[PDB]
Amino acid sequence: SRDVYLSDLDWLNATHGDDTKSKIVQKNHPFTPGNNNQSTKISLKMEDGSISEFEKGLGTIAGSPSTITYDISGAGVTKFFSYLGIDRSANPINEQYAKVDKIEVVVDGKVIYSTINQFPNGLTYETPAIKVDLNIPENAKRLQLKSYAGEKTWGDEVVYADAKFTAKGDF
């Protein structure tokens, strides 16, 4: 097998919750700074509280949901890894900001991972990053990353940090 970063693949589609649709889901940057062509790396609060920066990943704004879809048909994907959280670059100006209800990993229409099971009340700016390390079913065709904003999209700078597939075949 080999490991391939999601950000080194093209998606089928990638939607977000930002009002400005000319902005786009970001490879290897958080959403807002990336769309501003800034060098700011993706960064997250880890399990111990420390801040880690990541070279690779995806940056979105949660939506209803915002969905990033990959065609993995024939690729022999056996594993998905990512950290999930709200990028440090977000601004938690009040309790309405940086509040994400859940993030799911969906394969061929089945939720195979959801933050709702550990985090029924969702993610906030100070929730520690969630380490997702997940088997992917044989012969899978579609994998989707879905982030749900809830009431508002404000400050919902969701990053899939270090997001990578392990795969036996090609894409």
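Sequential numbering from 1, following the sequence displayed.
Undergrad: Do the CA atoms of 83-91 or those of 69-77 have the higher mean B-factor in the entry?
TA: Taking the mean C-alpha B-factor of 83-91 and of 69-77, the larger value falls to 69-77.
Undergrad: Looking only at CA atoms, which has the higher mean B factor in the entry: 117-125 or 31-39?
TA: The stretch with the larger average C-alpha B-factor is 117-125.
Undergrad: Going by the recorded CA B-factors, say which third of the chain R142 sits in, lowest, middle or highest.
TA: Highest third.
Undergrad: Lowest, middle or highest third: which one holds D108 when the chain's residues are ordered by CA B-factor from the entry?
TA: Highest third - that is where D108 ends up once the chain's C-alpha B-factors are sorted.
Undergrad: For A149, return the chain-relative third of its C-alpha B-factor as stated in the PDB record: lowest, middle or highest.
TA: Middle third, going by the recorded CA B-factors of the chain.
Undergrad: Would you mind ranking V158 by its C-alpha B-factor against the rest of the chain and naming the third, lowest, middle or highest?
TA: According to the entry, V158 has a C-alpha B-factor in the chain's lowest third.
Undergrad: Would you mind checking where the Cα B-factor of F165 ranks among the modelled residues of its chain, as the lowest, middle or highest third?
TA: Lowest third, going by the recorded CA B-factors of the chain.
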